[PDB]
Ligand SMILES: CC(C)(COP(=O)(O)OP(=O)(O)OC[C@H]1O[C@@H](n2cnc3c(N)ncnc32)[C@H](O)[C@@H]1OP(=O)(O)O)[C@@H](O)C(=O)NCCC(=O)NCCS
Ligand SMILES: CC(C)(COP(=O)(O)OP(=O)(O)OC[C@H]1O[C@@H](n2cnc3c(N)ncnc32)[C@H](O)[C@@H]1OP(=O)(O)O)[C@@H](O)C(=O)NCCC(=O)NCCS
Ligand SMILES: CC(C)(COP(=O)(O)OP(=O)(O)OC[C@H]1O[C@@H](n2cnc3c(N)ncnc32)[C@H](O)[C@@H]1OP(=O)(O)O)[C@@H](O)C(=O)NCCC(=O)NCCS
Ligand SMILES: [Ca+2]
């Protein structure tokens, strides 16, 4: 009955995200990974590449699917008919941001719940941004991302 | 006591508005100092941000609005204000405000820095989130004054 | 045989940085100030200028030297044969970011320690960004930076 939507830029999706998704898949009947077009960031990967990578990482989860969107989250969730937003908390500064996003979404989409998970301690500290920067300088990122994602970063950077 | 409330106000929100109301009832003279903040790349021009702030505060006889592009520590002296007002709603706001205040204390030692918190009803409102939501056609009329809402509507088309 | 590497953008180096360097100098045999290119922050000063300013500020310390680098920190520190990273802490948001940086470097360079110092309270409130913005507006920053840095910032904005 619960359809949960996990929105993010996922540039690229990391094991941090992956941990939260494994856990959300075992908790909800239907999990939608919502990859946001985020042009105000100049994402390393195109929307289509980021959707593809997230699918690759979650294809073994039958109740998890991936979609891209460029519209307002509060609008888009209505198109997906999800009644729950999922957001991750890894740092105390995440909570502040998520707190204001949640209360703001509460005004725009009053019938959608905002819930949070924190990733396991092994998969905390993983920044999508730091993964990009490390990969860009030829550092090994295989401990932070799925092999398919690792392969994509390598190819992306020559 | 002449209080100066500096900010980008891009645009001014109900959070700012709450604090201004409260400061109006507390001080003889309240100056809203709208900073040209070129590095934030403001959605609204300085002139637009000043006009909106004026519109939102025109019912308050002891509150006036000025734009400035100069150093705050210099500008507050030109305005002859002896108090800075800044809002606090999140702890990351506090650290930044703490650091700005101790540095202004070095640049303007005779000026006091004080803080207010908006009511919980406006506590969660970010000017940034208001811009982004409006940019995507989300309704932001509950986060801002009617004149600001119109301005946001016209701003994107 | 402790060699400490202090990485940062230093755009420009401040009294905040200098305090940590003074202290690390009395604590370690060899102190390396690693100035990062950081092209993505679009630094006000070029890498060479930033190295030069750092050199000027630290020339009275016999066991301290300054180098520029554009490579992965985790690679560069091994290249320097340093066994310790030094990072400064002034606010809790720094701690969050540094905590996460330390844990990802620990994966990339497991034999390198991450240690932290906090500056004396007189220099704890000093931000290089704020120094830049104040100077760009013709404000006096001489109590926040060494004279050579003050002079360089003035020339930079005219
Ligand atoms: C939630 C949402 C609104 C904001 O996007 P976001 O949360 O900042 O992006 P993410 O969900 O991937 O999480 C933050 C990520 O962006 C990166 N990031 C953090 N701060 C950043 C900054 N100033 N600039 C660019 N990127 C940043 C980080 O790397 C972080 O990823 P990481 O934690 O894995 O390192 C977006 O997911 C969304 O759904 N947009 C739809 C638009 C909408 O409905 N409203 C606009 C305001 S709600
Ligand atoms: C102090 C000052 C630089 C910061 O701008 P500010 O608006 O007062 O501080 P902020 O309010 O931006 O801090 C966070 C808030 O702004 C938003 N915000 C902060 N940084 C932002 C950024 N880069 N981009 C977009 N939005 C931002 C957030 O939404 C948040 O909420 P709010 O806008 O509703 O108030 C500006 O007010 C000022 O007074 N400048 C004078 C310049 C000067 O004399 N010296 C420069 C160094 S002192
Ligand atoms: C990781 C790193 C960014 C940390 O160093 P650092 O934080 O920049 O060190 P500094 O004290 O000189 O600079 C800090 C300032 O940069 C600011 N800053 C951080 N990210 C920024 C960004 N994208 N854009 C602009 N300013 C930024 C911070 O707000 C901070 O401001 P403040 O100190 O005035 O308050 C980098 O400098 C480093 O030490 N090693 C990088 C190695 C690597 O991974 N790649 C190197 C290739 S260049
Ligand atoms: Ca600094």
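When we count neighbours, we look across all protein chains shown, and the Cβ atoms used for this are built from the backbone with ideal geometry, even at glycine. Values quoted throughout were computed directly from the atomic coordinates according to the rules given, and no laboratory measurement underlies them.
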(request) Please work out which residue is farthest from residue A:84 (Cα to Cα), limiting yourself to segment A:20-51 and to residues that are touching a residue at least 60 places away in the same chain (Cβ under 8 Å) and surrounded by fewer than 18 Cβ atoms within 10 Å (Cβ to Cβ). (result) A:49
(request) Tell me which of these residue A:91 doesn't satisfy, since it passes every other one: (1) under 20 Å from residue A:118 (Cβ atoms); (2) touching a strand residue (DSSP E or B) at 6+ places or on another chain (Cβ under 9 Å). (result) (2)
(message) Within segment B:100-125, take every residue that is in contact (Cβ under 8 Å) with a residue 40 or more places away in the chain and facing another protein chain (nearest Cβ under 9 Å) and give me the one that is surrounded by the fewest Cβ atoms within 10 Å (Cβ to Cβ).
(response) B:123
(request) Starting from segment C:137-152, take each residue that is under 20 Å from residue C:21 (Cα atoms) and list its partners that are in a loop (DSSP other than H, G, I, E, B), counting only C-beta distances under 7 angstrom and pairs at least six apart or across chains. (result) C:144/C:14; C:144/C:126; C:145/C:12; C:145/C:14; C:149/C:12; C:149/C:13; C:150/C:141; C:150/C:142
(message) Quick check on my filter: what residues within segment B:100-125 are in a helix (DSSP H, G or I), more than 9 Å from ligand 2 (Cβ to nearest atom) and within 18 Å of the chain's Cα centre (by Cα)?
(response) B:101, B:120, B:121, B:122, B:123
(request) Name the residue, out of C:82, C:74, that is more than 30 Å from residue B:72 (Cα to Cα), surrounded by 15 or more Cβ atoms within 10 Å (Cβ to Cβ), within 14 Å of chain A (Cβ to nearest Cβ) and more than 16 Å from ligand 1 (Cβ to nearest atom). (result) C:74
(message) Restricting to segment C:52-67, give me the number of residues that are surrounded by 17 or more Cβ atoms within 10 Å (Cβ to Cβ) and touching a residue at least 24 places away in the same chain (Cβ under 8 Å).
(response) 6
(request) With respect to residue B:81, determine if the residue is under 14 Å from residue B:10 (Cα atoms) and touching a residue at least 40 places away in the same chain (Cβ under 8 Å). (result) no
(request) Within segment B:126-157, count every residue that is exposed (fewer than 14 other Cβ atoms within 10 Å of the Cβ), in a helix (DSSP H, G or I) and either over 19 Å from the mean Cα position of the chain (by Cα) or facing chain A (nearest Cβ under 9 Å) (or both). (result) 2
(request) Among what's in segment A:1-19 and is assigned to a loop (DSSP other than H, G, I, E, B) and either within 11 Å of ligand 1 (Cβ to nearest atom) or within 10 Å of the chain's Cα centre (by Cα) (or both), pick the residue that is surrounded by the fewest Cβ atoms within 10 Å (Cβ to Cβ). (result) A:9
(request) Run residue C:87 past the list (1) within 14 Å of another protein chain (Cβ to nearest Cβ); (2) surrounded by 18 or more Cβ atoms within 10 Å (Cβ to Cβ); (3) under 14 Å from the mean Cα position of the chain (by Cα); (4) within 16 Å of ligand 4 (Cβ to nearest atom) and report the number of the one that doesn't hold. (result) (1)
(request) Being within 14 Å of another protein chain (Cβ to nearest Cβ), in contact with a helix residue (DSSP H, G or I) (Cβ under 7 Å, 6 or more places away or on another chain) and over 22 Å from residue A:79 (Cβ atoms) is the filter; apply it to segment A:9-42 and report the residue that is nearest to ligand 3 (Cβ to nearest atom). (result) A:14
